[PDB]
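Below is one structure, written out as structure tokens; comments come after it.
Here the Cβ positions follow ideal geometry from the backbone for every residue, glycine too, while neighbour counts run over all protein chains shown. Laboratory data are not the source of any read-out in this text; all were calculated from the coordinates shown.
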Amino acid sequence: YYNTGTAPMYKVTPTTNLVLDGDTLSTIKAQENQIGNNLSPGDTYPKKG
Amino acid sequence: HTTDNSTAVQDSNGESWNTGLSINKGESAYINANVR
């Protein structure tokens, strides 16, 4: 996850599509395992490195 | 008085191929719909 705004986001829970050719195989909302607690502007989760 | 003796040695080897296909009539497929 990456942030390019002016404010941080807490408890980041994105929803993503998975497309093979033109078929959306599945859409998943992030669970507790994939939720980022902090995402400051200009930062990345998981952090660089 | 007649006597005959015989010894027999047999070597038999073989191989086989099998193919199977099982289906369920209650849940034969799953459907996925793309919507907006």
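Using C-alpha pairs below 8 Å separated by at least 6 residues, the relative contact order for chain A is 50 percent. Shown is the FRET efficiency for A:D21 and A:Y1, computed with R0 = 30 Å from the Cβ-Cβ distance and rounded to the nearest 0.05: 0.70. Loop-resident chymotrypsin sites (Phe, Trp or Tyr not before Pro) (DSSP state other than H, G, I, E or B) in chain A with no more than 15 further Cβ atoms inside 10 Å of their Cβ: A:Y1.
At a Förster distance of 30 Å, what's the computed FRET efficiency of A:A30 paired with B:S28, Cβ-Cβ distance as r, to 0.05? Step by step, r from the Cβ atoms, then E = 0.35.
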